[PDB]
Amino acid sequence: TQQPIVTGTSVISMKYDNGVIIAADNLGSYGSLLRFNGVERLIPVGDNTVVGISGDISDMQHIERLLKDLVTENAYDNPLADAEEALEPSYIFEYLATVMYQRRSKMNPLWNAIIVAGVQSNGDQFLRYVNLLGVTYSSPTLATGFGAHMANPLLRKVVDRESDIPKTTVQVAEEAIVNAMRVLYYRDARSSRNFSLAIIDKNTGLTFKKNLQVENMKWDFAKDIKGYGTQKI
Amino acid sequence: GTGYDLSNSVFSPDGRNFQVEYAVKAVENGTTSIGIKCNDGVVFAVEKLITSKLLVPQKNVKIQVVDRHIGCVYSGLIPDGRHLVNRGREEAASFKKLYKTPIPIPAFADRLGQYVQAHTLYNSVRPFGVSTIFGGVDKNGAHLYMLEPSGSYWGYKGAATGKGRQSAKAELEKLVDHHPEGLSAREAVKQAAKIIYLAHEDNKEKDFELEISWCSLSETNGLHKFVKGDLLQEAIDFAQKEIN
(Lines give C-alpha, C1' and ligand atoms only; values in the text may rest on other atoms or scores of the structure.)
Protein backbone atom coordinates (compact mmCIF):
# COMPACT_ATOMS: atom_id res chain seq x y z
CA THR A 1 0.00 0.00 0.00
CA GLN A 2 1.22 3.43 -0.88
CA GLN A 3 0.12 6.95 -1.72
CA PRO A 4 0.65 8.80 -5.00
CA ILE A 5 3.14 11.67 -4.96
CA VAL A 6 3.64 13.18 -8.43
CA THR A 7 0.44 12.82 -10.42
CA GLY A 8 -1.07 13.19 -13.84
CA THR A 9 -4.70 14.21 -14.19
CA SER A 10 -7.31 13.19 -16.83
CA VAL A 11 -6.80 11.02 -19.91
CA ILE A 12 -9.69 11.34 -22.37
CA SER A 13 -10.49 9.32 -25.50
CA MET A 14 -13.09 8.13 -27.97
CA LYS A 15 -13.36 6.12 -31.14
CA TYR A 16 -14.51 7.32 -34.58
CA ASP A 17 -15.28 5.49 -37.84
CA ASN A 18 -11.65 4.74 -38.78
CA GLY A 19 -9.85 4.67 -35.46
CA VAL A 20 -9.40 6.17 -32.04
CA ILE A 21 -8.17 9.45 -30.57
CA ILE A 22 -6.62 9.92 -27.13
CA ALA A 23 -5.22 12.94 -25.28
CA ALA A 24 -3.71 13.99 -21.91
CA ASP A 25 -2.19 17.25 -20.67
CA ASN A 26 1.55 17.61 -19.94
CA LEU A 27 1.38 18.23 -16.21
CA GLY A 28 2.92 16.40 -13.26
CA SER A 29 1.34 17.78 -10.08
CA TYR A 30 2.78 17.47 -6.59
CA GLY A 31 -0.25 17.95 -4.44
CA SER A 32 -1.54 21.45 -5.16
CA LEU A 33 1.82 22.46 -6.65
CA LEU A 34 1.81 22.32 -10.47
CA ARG A 35 5.42 21.12 -10.37
CA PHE A 36 6.39 19.60 -13.74
CA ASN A 37 5.36 20.83 -17.17
CA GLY A 38 7.02 18.69 -19.79
CA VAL A 39 5.45 15.40 -18.81
CA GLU A 40 4.33 13.17 -21.68
CA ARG A 41 1.57 10.86 -20.47
CA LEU A 42 0.76 9.34 -23.85
CA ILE A 43 2.95 6.28 -24.47
CA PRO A 44 3.07 4.97 -28.06
CA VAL A 45 3.77 1.26 -28.45
CA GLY A 46 4.75 0.26 -31.94
CA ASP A 47 2.58 2.11 -34.43
CA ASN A 48 -0.90 0.81 -33.68
CA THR A 49 -1.13 1.54 -29.97
CA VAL A 50 -1.00 4.44 -27.53
CA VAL A 51 -1.26 3.97 -23.77
CA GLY A 52 -2.53 7.01 -21.87
CA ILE A 53 -1.63 7.08 -18.17
CA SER A 54 -2.94 9.07 -15.20
CA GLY A 55 -2.13 8.82 -11.52
CA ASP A 56 1.29 8.29 -9.95
CA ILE A 57 4.09 9.38 -12.27
CA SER A 58 6.82 7.21 -10.80
CA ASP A 59 4.57 4.20 -11.47
CA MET A 60 3.84 5.59 -14.96
CA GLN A 61 7.56 5.64 -15.70
CA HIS A 62 7.72 2.08 -14.44
CA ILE A 63 4.93 1.08 -16.83
CA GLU A 64 6.88 2.85 -19.56
CA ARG A 65 9.87 0.62 -18.94
CA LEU A 66 7.60 -2.44 -18.87
CA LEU A 67 6.25 -1.40 -22.25
CA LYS A 68 9.66 -0.91 -23.86
CA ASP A 69 10.57 -4.41 -22.66
CA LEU A 70 7.49 -5.97 -24.16
CA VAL A 71 8.62 -4.62 -27.52
CA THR A 72 12.18 -5.88 -27.10
CA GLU A 73 11.02 -9.27 -25.88
CA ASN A 74 8.43 -9.67 -28.64
CA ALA A 75 11.20 -9.09 -31.16
CA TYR A 76 13.31 -11.98 -29.81
CA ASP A 77 13.41 -15.02 -32.13
CA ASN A 78 10.46 -13.47 -33.98
CA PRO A 79 10.97 -13.08 -37.75
CA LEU A 80 7.44 -11.62 -38.03
CA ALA A 81 7.91 -9.01 -35.27
CA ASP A 82 7.13 -6.19 -37.68
CA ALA A 83 4.31 -8.09 -39.36
CA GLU A 84 1.88 -10.85 -38.35
CA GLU A 85 3.57 -11.22 -34.96
CA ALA A 86 3.87 -7.58 -33.95
CA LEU A 87 2.23 -6.43 -30.71
CA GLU A 88 -1.52 -5.89 -30.94
CA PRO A 89 -3.25 -3.24 -28.78
CA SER A 90 -5.26 -6.05 -27.18
CA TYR A 91 -2.07 -7.91 -26.18
CA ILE A 92 -0.60 -4.79 -24.61
CA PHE A 93 -3.81 -4.19 -22.70
CA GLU A 94 -4.28 -7.73 -21.44
CA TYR A 95 -0.69 -7.58 -20.22
CA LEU A 96 -1.11 -4.36 -18.26
CA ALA A 97 -4.50 -5.48 -16.96
CA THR A 98 -2.85 -8.64 -15.72
CA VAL A 99 -0.14 -6.67 -13.94
CA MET A 100 -2.55 -4.15 -12.46
CA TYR A 101 -4.69 -6.89 -10.92
CA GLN A 102 -1.73 -8.88 -9.59
CA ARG A 103 -0.33 -5.74 -7.97
CA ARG A 104 -3.62 -4.83 -6.28
CA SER A 105 -3.86 -8.44 -5.12
CA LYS A 106 -0.50 -8.15 -3.39
CA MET A 107 -1.76 -4.98 -1.73
CA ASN A 108 0.93 -2.98 -3.55
CA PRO A 109 -0.76 -1.26 -6.52
CA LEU A 110 0.53 0.73 -9.46
CA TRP A 111 -1.43 3.87 -8.56
CA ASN A 112 -2.73 4.57 -12.04
CA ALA A 113 -5.74 4.82 -14.32
CA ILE A 114 -4.84 3.61 -17.80
CA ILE A 115 -6.55 3.71 -21.19
CA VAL A 116 -5.18 1.70 -24.11
CA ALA A 117 -6.08 3.11 -27.52
CA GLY A 118 -5.29 1.45 -30.82
CA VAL A 119 -6.27 -0.39 -33.97
CA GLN A 120 -6.19 -4.17 -34.23
CA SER A 121 -4.57 -5.89 -37.21
CA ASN A 122 -8.01 -6.47 -38.77
CA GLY A 123 -8.77 -2.76 -38.50
CA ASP A 124 -11.04 -2.93 -35.45
CA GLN A 125 -10.76 -0.02 -33.03
CA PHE A 126 -9.50 -0.85 -29.55
CA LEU A 127 -10.33 1.19 -26.50
CA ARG A 128 -10.23 -0.26 -23.00
CA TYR A 129 -9.57 1.05 -19.48
CA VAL A 130 -7.78 -0.56 -16.50
CA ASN A 131 -6.94 1.01 -13.12
CA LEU A 132 -5.08 0.35 -9.86
CA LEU A 133 -7.83 -2.05 -8.74
CA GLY A 134 -7.49 -4.17 -11.86
CA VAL A 135 -10.97 -3.05 -12.93
CA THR A 136 -11.52 -2.94 -16.71
CA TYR A 137 -14.18 -1.79 -19.17
CA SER A 138 -14.86 -0.56 -22.69
CA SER A 139 -17.08 2.17 -24.06
CA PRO A 140 -17.25 4.32 -27.23
CA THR A 141 -15.70 7.02 -25.02
CA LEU A 142 -13.42 6.62 -22.01
CA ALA A 143 -11.89 9.16 -19.66
CA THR A 144 -10.09 8.87 -16.33
CA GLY A 145 -10.45 10.85 -13.12
CA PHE A 146 -11.81 14.35 -13.67
CA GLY A 147 -12.48 13.81 -17.36
CA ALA A 148 -14.86 10.99 -16.45
CA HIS A 149 -17.19 13.58 -14.98
CA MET A 150 -16.75 16.37 -17.52
CA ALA A 151 -15.34 14.90 -20.73
CA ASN A 152 -17.50 11.79 -21.12
CA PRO A 153 -20.74 13.83 -21.07
CA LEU A 154 -19.45 15.92 -23.98
CA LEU A 155 -17.91 13.09 -25.99
CA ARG A 156 -21.05 11.01 -25.50
CA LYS A 157 -23.05 13.78 -27.20
CA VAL A 158 -21.07 12.83 -30.33
CA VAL A 159 -20.94 9.04 -29.90
CA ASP A 160 -23.74 7.96 -27.53
CA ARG A 161 -23.85 4.32 -28.62
CA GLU A 162 -22.08 1.86 -30.91
CA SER A 163 -24.09 2.82 -34.02
CA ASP A 164 -22.65 6.33 -33.71
CA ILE A 165 -19.03 5.30 -34.35
CA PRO A 166 -19.33 4.76 -38.12
CA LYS A 167 -21.06 8.14 -38.37
CA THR A 168 -18.18 10.00 -36.72
CA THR A 169 -15.26 11.51 -38.61
CA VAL A 170 -11.75 12.21 -37.37
CA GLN A 171 -12.53 15.92 -37.69
CA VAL A 172 -15.66 15.81 -35.53
CA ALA A 173 -13.92 13.50 -33.05
CA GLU A 174 -10.72 15.52 -32.78
CA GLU A 175 -12.88 18.59 -32.37
CA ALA A 176 -14.86 17.08 -29.49
CA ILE A 177 -11.70 16.01 -27.69
CA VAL A 178 -9.96 19.35 -28.16
CA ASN A 179 -13.04 21.12 -26.75
CA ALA A 180 -13.11 18.70 -23.80
CA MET A 181 -9.48 19.54 -23.06
CA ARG A 182 -10.46 23.21 -22.85
CA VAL A 183 -13.36 22.51 -20.51
CA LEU A 184 -11.06 20.47 -18.28
CA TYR A 185 -8.68 23.44 -18.18
CA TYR A 186 -11.57 25.66 -17.07
CA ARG A 187 -12.76 23.55 -14.12
CA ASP A 188 -9.97 21.10 -13.14
CA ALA A 189 -7.58 22.68 -10.64
CA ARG A 190 -4.92 20.11 -11.52
CA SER A 191 -4.87 20.64 -15.29
CA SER A 192 -2.42 22.27 -17.68
CA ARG A 193 -3.03 24.30 -20.83
CA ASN A 194 -0.51 22.21 -22.79
CA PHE A 195 -1.26 18.70 -23.91
CA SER A 196 -0.50 15.90 -26.34
CA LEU A 197 -3.01 14.22 -28.63
CA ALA A 198 -2.69 11.06 -30.69
CA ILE A 199 -4.77 9.47 -33.43
CA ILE A 200 -4.58 5.87 -34.54
CA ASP A 201 -6.37 5.48 -37.86
CA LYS A 202 -6.64 2.18 -39.72
CA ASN A 203 -5.54 4.06 -42.85
CA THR A 204 -3.38 7.03 -41.86
CA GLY A 205 -1.69 5.07 -39.07
CA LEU A 206 -0.51 6.76 -35.87
CA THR A 207 -0.38 10.56 -35.71
CA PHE A 208 1.17 11.94 -32.53
CA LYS A 209 0.69 15.66 -31.84
CA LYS A 210 2.83 17.32 -29.17
CA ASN A 211 2.73 20.81 -27.63
CA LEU A 212 -0.94 21.58 -28.28
CA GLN A 213 -2.65 24.36 -26.33
CA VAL A 214 -6.11 25.27 -25.21
CA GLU A 215 -7.14 28.20 -27.39
CA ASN A 216 -10.30 30.24 -27.99
CA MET A 217 -11.13 30.60 -24.30
CA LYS A 218 -13.95 32.83 -23.06
CA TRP A 219 -12.95 35.07 -20.13
CA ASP A 220 -14.26 38.51 -21.15
CA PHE A 221 -17.54 38.18 -19.21
CA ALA A 222 -15.39 38.08 -16.06
CA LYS A 223 -15.07 41.89 -16.30
CA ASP A 224 -18.82 42.35 -15.79
CA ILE A 225 -18.76 40.32 -12.58
CA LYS A 226 -18.06 42.18 -9.33
CA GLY A 227 -18.78 41.39 -5.68
CA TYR A 228 -20.63 38.29 -4.53
CA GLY A 229 -24.18 39.63 -4.19
CA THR A 230 -25.00 43.28 -3.40
CA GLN A 231 -21.74 45.04 -4.33
CA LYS A 232 -22.13 47.34 -7.34
CA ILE A 233 -18.59 48.43 -8.25
CA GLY B 1 47.67 -42.10 -14.33
CA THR B 2 44.58 -41.47 -16.47
CA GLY B 3 40.91 -40.55 -16.26
CA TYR B 4 41.62 -36.82 -16.15
CA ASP B 5 39.22 -36.33 -19.06
CA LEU B 6 36.17 -37.86 -17.39
CA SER B 7 35.17 -35.02 -15.07
CA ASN B 8 34.69 -31.38 -16.13
CA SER B 9 36.68 -29.17 -13.76
CA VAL B 10 39.73 -31.47 -13.48
CA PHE B 11 43.23 -30.29 -14.38
CA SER B 12 45.28 -32.87 -16.30
CA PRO B 13 48.99 -33.20 -15.43
CA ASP B 14 49.82 -30.77 -18.27
CA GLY B 15 47.32 -28.26 -16.86
CA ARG B 16 44.50 -28.70 -19.37
CA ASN B 17 40.76 -29.21 -18.95
CA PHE B 18 40.02 -32.04 -21.37
CA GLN B 19 36.24 -31.76 -21.20
CA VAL B 20 36.48 -28.19 -22.47
CA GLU B 21 38.67 -29.47 -25.29
CA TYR B 22 36.15 -32.17 -26.16
CA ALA B 23 33.49 -29.47 -26.21
CA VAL B 24 35.59 -27.75 -28.86
CA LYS B 25 35.36 -30.89 -30.99
CA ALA B 26 31.57 -30.53 -30.96
CA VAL B 27 32.08 -26.95 -32.17
CA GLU B 28 34.43 -27.89 -35.02
CA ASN B 29 31.89 -30.47 -36.10
CA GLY B 30 29.31 -27.76 -36.58
CA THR B 31 28.19 -25.52 -39.42
CA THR B 32 30.52 -22.67 -40.29
CA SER B 33 29.57 -19.14 -39.22
CA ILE B 34 31.39 -15.80 -39.30
CA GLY B 35 31.45 -12.16 -38.37
CA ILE B 36 32.95 -9.16 -40.13
CA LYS B 37 33.57 -5.80 -38.49
CA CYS B 38 33.06 -2.87 -40.86
CA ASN B 39 33.80 0.86 -40.59
CA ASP B 40 30.60 1.55 -38.60
CA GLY B 41 29.04 -1.79 -37.75
CA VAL B 42 29.28 -5.56 -37.93
CA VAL B 43 27.93 -8.29 -40.18
CA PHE B 44 27.07 -11.86 -39.21
CA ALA B 45 26.61 -14.76 -41.61
CA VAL B 46 26.10 -18.50 -41.20
CA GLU B 47 25.81 -21.69 -43.25
CA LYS B 48 22.46 -23.50 -42.96
CA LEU B 49 22.74 -27.08 -44.20
CA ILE B 50 19.63 -28.16 -46.06
CA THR B 51 19.17 -31.69 -44.75
CA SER B 52 16.27 -32.19 -47.15
CA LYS B 53 13.68 -30.50 -49.36
CA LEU B 54 11.29 -30.86 -46.43
CA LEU B 55 12.91 -28.00 -44.48
CA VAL B 56 10.76 -24.94 -45.07
CA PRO B 57 13.19 -22.43 -46.64
CA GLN B 58 14.06 -19.28 -44.67
CA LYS B 59 12.12 -20.52 -41.63
CA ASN B 60 14.70 -22.05 -39.31
CA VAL B 61 16.53 -18.85 -38.33
CA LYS B 62 19.85 -19.34 -36.53
CA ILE B 63 21.06 -15.78 -35.91
CA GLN B 64 19.73 -14.29 -32.68
CA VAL B 65 19.33 -10.77 -31.40
CA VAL B 66 20.05 -9.65 -27.85
CA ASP B 67 18.42 -6.46 -26.61
CA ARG B 68 18.01 -4.47 -29.81
CA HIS B 69 21.59 -3.72 -30.85
CA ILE B 70 23.36 -7.07 -30.57
CA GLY B 71 23.62 -10.02 -32.91
CA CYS B 72 24.80 -13.50 -32.01
CA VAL B 73 25.57 -16.50 -34.17
CA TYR B 74 27.22 -19.77 -33.15
CA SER B 75 28.52 -23.14 -34.34
CA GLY B 76 28.19 -26.40 -32.43
CA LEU B 77 25.26 -27.71 -30.42
CA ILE B 78 22.47 -25.32 -31.36
CA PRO B 79 20.52 -25.76 -28.10
CA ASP B 80 23.59 -24.74 -26.11
CA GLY B 81 23.72 -21.61 -28.26
CA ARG B 82 20.13 -20.66 -27.47
CA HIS B 83 20.83 -21.33 -23.77
CA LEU B 84 23.73 -18.88 -23.90
CA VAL B 85 21.62 -16.26 -25.69
CA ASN B 86 18.74 -16.53 -23.22
CA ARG B 87 21.28 -15.78 -20.51
CA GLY B 88 22.75 -12.92 -22.50
CA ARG B 89 19.27 -11.50 -22.80
CA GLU B 90 18.62 -11.57 -19.04
CA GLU B 91 22.10 -10.17 -18.61
CA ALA B 92 21.30 -7.30 -21.02
CA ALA B 93 17.88 -6.55 -19.52
CA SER B 94 19.36 -6.47 -16.01
CA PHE B 95 22.01 -3.96 -17.13
CA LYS B 96 19.54 -1.67 -18.90
CA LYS B 97 17.11 -1.85 -15.97
CA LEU B 98 19.77 -0.69 -13.55
CA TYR B 99 21.79 1.71 -15.70
CA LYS B 100 19.12 2.88 -18.18
CA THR B 101 21.47 2.72 -21.15
CA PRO B 102 21.60 -0.41 -23.33
CA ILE B 103 24.55 -2.69 -22.54
CA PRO B 104 27.93 -1.90 -24.22
CA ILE B 105 29.37 -4.72 -26.37
CA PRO B 106 32.52 -5.11 -24.24
CA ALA B 107 30.42 -5.30 -21.07
CA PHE B 108 28.08 -7.77 -22.76
CA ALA B 109 31.00 -9.89 -23.97
CA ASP B 110 32.30 -10.32 -20.44
CA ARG B 111 28.84 -11.19 -19.14
CA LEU B 112 28.84 -14.10 -21.59
CA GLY B 113 32.46 -14.81 -20.77
CA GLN B 114 32.01 -15.14 -17.01
CA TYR B 115 28.97 -17.36 -17.55
CA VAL B 116 30.74 -19.69 -19.97
CA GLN B 117 33.87 -19.76 -17.79
CA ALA B 118 31.56 -20.62 -14.90
CA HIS B 119 30.65 -23.86 -16.68
CA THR B 120 34.28 -25.04 -16.49
CA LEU B 121 34.45 -24.67 -12.70
CA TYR B 122 32.43 -27.71 -11.56
CA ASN B 123 31.97 -31.36 -12.50
CA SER B 124 28.24 -31.01 -11.99
CA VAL B 125 27.92 -29.16 -15.31
CA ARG B 126 29.17 -29.68 -18.84
CA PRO B 127 31.02 -26.99 -20.84
CA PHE B 128 29.20 -25.18 -23.64
CA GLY B 129 29.30 -26.98 -26.97
CA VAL B 130 29.50 -23.81 -29.07
CA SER B 131 31.77 -20.96 -30.10
CA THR B 132 29.86 -17.72 -30.39
CA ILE B 133 30.44 -14.77 -32.69
CA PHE B 134 28.51 -11.70 -31.58
CA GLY B 135 28.69 -7.93 -31.42
CA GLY B 136 27.01 -4.67 -32.28
CA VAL B 137 27.23 -0.88 -32.06
CA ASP B 138 27.42 1.22 -28.93
CA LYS B 139 28.33 4.61 -27.42
CA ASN B 140 31.74 4.33 -29.08
CA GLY B 141 31.86 2.20 -32.18
CA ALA B 142 31.25 -1.27 -33.47
CA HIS B 143 32.64 -4.37 -31.80
CA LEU B 144 33.02 -7.99 -32.89
CA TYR B 145 33.72 -10.91 -30.54
CA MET B 146 34.17 -14.66 -30.53
CA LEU B 147 33.71 -16.77 -27.39
CA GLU B 148 35.18 -20.28 -26.98
CA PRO B 149 33.86 -23.10 -24.73
CA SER B 150 36.66 -22.26 -22.28
CA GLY B 151 35.08 -18.86 -21.72
CA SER B 152 37.96 -17.29 -23.64
CA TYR B 153 37.10 -14.35 -25.89
CA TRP B 154 38.73 -11.41 -27.65
CA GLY B 155 37.71 -8.54 -29.89
CA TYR B 156 38.07 -9.34 -33.60
CA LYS B 157 38.43 -7.62 -36.98
CA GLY B 158 36.89 -10.72 -38.51
CA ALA B 159 36.03 -14.13 -37.08
CA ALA B 160 35.00 -17.63 -38.04
CA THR B 161 34.22 -20.96 -36.44
CA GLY B 162 32.92 -24.38 -37.40
CA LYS B 163 33.61 -26.84 -40.23
CA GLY B 164 35.15 -24.33 -42.64
CA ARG B 165 36.76 -21.93 -40.19
CA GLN B 166 40.15 -22.27 -41.95
CA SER B 167 38.82 -21.24 -45.37
CA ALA B 168 36.93 -18.38 -43.77
CA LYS B 169 39.83 -17.24 -41.61
CA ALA B 170 42.00 -17.31 -44.73
CA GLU B 171 39.54 -15.14 -46.64
CA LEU B 172 39.10 -12.82 -43.66
CA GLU B 173 42.86 -12.30 -43.38
CA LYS B 174 42.96 -11.23 -47.05
CA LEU B 175 40.29 -8.62 -46.51
CA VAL B 176 42.14 -7.30 -43.47
CA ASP B 177 45.30 -6.78 -45.54
CA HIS B 178 43.61 -5.36 -48.65
CA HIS B 179 41.50 -2.89 -46.63
CA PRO B 180 43.51 -1.15 -43.88
CA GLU B 181 41.07 1.76 -44.21
CA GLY B 182 38.03 -0.37 -43.37
CA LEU B 183 35.29 -2.19 -45.25
CA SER B 184 31.77 -0.74 -45.48
CA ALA B 185 28.63 -2.37 -44.10
CA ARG B 186 27.36 -2.76 -47.67
CA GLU B 187 30.61 -4.41 -48.80
CA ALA B 188 30.98 -6.59 -45.70
CA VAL B 189 27.54 -8.06 -46.39
CA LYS B 190 28.67 -9.21 -49.86
CA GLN B 191 32.13 -10.20 -48.68
CA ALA B 192 30.45 -12.21 -45.94
CA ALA B 193 28.12 -14.00 -48.40
CA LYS B 194 31.21 -14.96 -50.38
CA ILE B 195 33.33 -16.23 -47.49
CA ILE B 196 30.44 -18.48 -46.52
CA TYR B 197 30.03 -19.93 -50.04
CA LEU B 198 33.77 -20.57 -50.25
CA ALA B 199 33.95 -22.14 -46.78
CA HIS B 200 31.02 -24.33 -47.85
CA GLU B 201 33.48 -26.50 -49.82
CA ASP B 202 34.38 -28.36 -46.61
CA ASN B 203 30.79 -29.61 -46.71
CA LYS B 204 30.13 -29.33 -50.45
CA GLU B 205 28.18 -32.60 -50.17
CA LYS B 206 24.97 -31.08 -48.79
CA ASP B 207 23.08 -28.10 -50.21
CA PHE B 208 22.75 -25.05 -47.94
CA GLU B 209 20.91 -21.81 -47.15
CA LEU B 210 22.66 -18.51 -46.49
CA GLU B 211 21.76 -16.24 -43.58
CA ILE B 212 23.14 -12.75 -42.92
CA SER B 213 22.47 -9.99 -40.40
CA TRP B 214 24.09 -6.67 -39.64
CA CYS B 215 24.20 -3.71 -37.33
CA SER B 216 25.47 -0.48 -38.89
CA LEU B 217 25.30 3.03 -37.47
CA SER B 218 24.45 4.31 -40.94
CA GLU B 219 22.68 1.35 -42.53
CA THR B 220 20.46 0.16 -39.64
CA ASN B 221 20.69 3.04 -37.17
CA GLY B 222 22.76 0.94 -34.81
CA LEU B 223 19.99 -1.64 -34.54
CA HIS B 224 20.44 -5.30 -35.44
CA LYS B 225 18.53 -6.32 -38.55
CA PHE B 226 18.36 -9.36 -40.81
CA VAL B 227 19.42 -9.05 -44.42
CA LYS B 228 16.34 -9.86 -46.50
CA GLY B 229 14.97 -9.65 -50.04
CA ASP B 230 16.95 -7.61 -52.57
CA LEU B 231 20.01 -6.93 -50.42
CA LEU B 232 20.21 -10.64 -49.64
CA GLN B 233 19.85 -11.86 -53.25
CA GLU B 234 22.34 -9.25 -54.44
CA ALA B 235 24.84 -10.76 -51.99
CA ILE B 236 23.93 -14.31 -53.01
CA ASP B 237 24.76 -13.44 -56.60
CA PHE B 238 28.00 -11.63 -55.72
CA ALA B 239 29.06 -14.92 -54.14
CA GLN B 240 27.65 -17.30 -56.77
CA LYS B 241 29.57 -15.19 -59.28
CA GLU B 242 32.94 -15.28 -57.54
CA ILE B 243 32.65 -18.98 -56.80
CA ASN B 244 33.55 -19.56 -60.46
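Any value given below was found using the heavy atoms of this structure, including those in side chains, with hydrogens, waters and symmetry copies removed. Order of the sequence lines sets the chain letters (A, B, ...), proteins ahead of strands, with each chain counted from 1.
The nearest pair of heavy atoms linking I34(B) to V73(B) is O-CG1, 4.1 Å. Shown here for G55(A) and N112(A), the closest heavy-atom pair between the two residues is C-ND2, 3.9 Å. Counting all heavy atoms, side chain and backbone alike, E215(A) lies closest to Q213(A) at OE2-NE2, 3.1 Å. In terms of heavy atoms, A151(A) sits closest to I12(A) at CB-CG2, 3.4 Å. Nearest heavy-atom pair, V20(A) versus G118(A), reported as atom, atom and distance to 0.1 Å: CG2-N, 3.5 Å. Heavy-atom minimum distance, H62(A) versus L110(A): CD2-CD2, 3.9 Å.
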| task | Apply side chain to side chain donor-acceptor pair (under 3.5 Å) to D56(A) and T7(A), showing your working. | result | CA-CA 5 Å; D56(A) 189 86; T7(A) 61; over 6 Å; no
| task | Before giving the answer on side chain to side chain donor-acceptor pair (under 3.5 Å), spell out for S184(B) and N39(B) the whole-Å C-alpha distance, their side-chain angles and the decisive distance to 0.1 Å. | result | CA-CA 6 Å; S184(B) 76; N39(B) 56 186; 5.5 Å; no
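Taking the six-membered ring for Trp and thresholds of 30 and 60 degrees, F134(B) and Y145(B) have nearly parallel ring planes, at less than 30 degrees apart. Between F128(B) and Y115(B), the ring planes lie tilted relative to each other; the angle falls in the 30° to 60° range.
Side-chain contact check for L42(A) versus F195(A): every heavy-atom pair is 4.5 Å or farther apart. A 4.5 Å side-chain heavy-atom check between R128(A) and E94(A) finds every atom pair outside the cut-off. Side-chain contact between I36(B) and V42(B) is absent, with no heavy-atom pair separated by less than 4.5 Å. Under the 4.5 Å side-chain criterion, counting only non-hydrogen atoms from C-beta, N211(A) is not in contact with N194(A). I21(A) places a side-chain heavy atom less than 4.5 Å from the side chain of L197(A). Side-chain contact between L49(B) and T31(B) is present, with at least one heavy-atom pair separated by less than 4.5 Å. Within the 4.5 Å cutoff, the side chain of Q114(B) has heavy atoms near those of the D110(B) side chain. Side-chain contact between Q64(B) and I70(B) is absent, with no heavy-atom pair separated by less than 4.5 Å.
A salt bridge does not link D17(A) to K167(A): none of the charged nitrogens lies less than 4.0 Å from a carboxylate oxygen. Between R82(B) and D77(A) a salt bridge is recorded (basic side-chain N to carboxylate O distance below 4.0 Å). In summary, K62(B) and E211(B) do not engage in a salt bridge, as defined by a charged side-chain N under 4.0 Å from a carboxylate O. A salt bridge is absent between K59(B) and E209(B); no separation between the charged side-chain nitrogens and carboxylate oxygens falls under 4.0 Å. With respect to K223(A) and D220(A), a salt bridge is recorded, a charged nitrogen being found less than 4.0 Å from a carboxylate O.
With no hydrogens or angles considered, a side-chain donor-acceptor pair links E40(A) and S196(A) at under 3.5 Å. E47(B) and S33(B) are not linked by any side-chain donor-acceptor pair at a separation below 3.5 angstrom, with hydrogens and angles left out of the test. With 3.5 Å as the limit, one finds no donor-acceptor pair spanning the side chains of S192(A) and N26(A). Neither side chain, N74(A) nor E85(A), offers a donor N or O lying under 3.5 Å from an acceptor on the other. Neither side chain, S191(A) nor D25(A), offers a donor N or O lying under 3.5 Å from an acceptor on the other. Under the 3.5 Å distance criterion, with hydrogens and angles disregarded, no donor-acceptor pair is assigned to the side chains of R190(A) and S29(A). Side chains of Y16(A) and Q171(A): no donor on one and acceptor on the other come within 3.5 Å. Residues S10(A) and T144(A) bring no donor and acceptor atom of their side chains to less than 3.5 Å of each other.
Atom OH of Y101(A) has 12 or fewer neighbouring heavy atoms from other residues, nucleotides or ligands inside a 6.0 Å radius. The number of heavy-atom neighbours closer than 6.0 Å to OH of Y186(A), taken from other residues, nucleotides and ligands shown, is above 12.
Judged by distance alone, with hydrogens and angles left aside, the side-chain atoms of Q120(A) form no donor-acceptor pair with the main-chain N or O of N122(A) at under 3.5 Å. Within the 3.5 Å criterion, the main-chain N or O of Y30(A) finds no donor-acceptor partner in the side chain of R35(A).
Taking the six-membered ring for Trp and the full ring otherwise, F95(B) and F108(B) have centroids separated by 6.0 Å or more. The distance between the ring centers of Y156(B) and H143(B) does not fall below 6.0 angstrom.
A cation-pi arrangement, defined by a distance under 6.0 Å to the six-membered ring centre and an angle within 45 degrees of its axis, is present between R89(B) and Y76(A).
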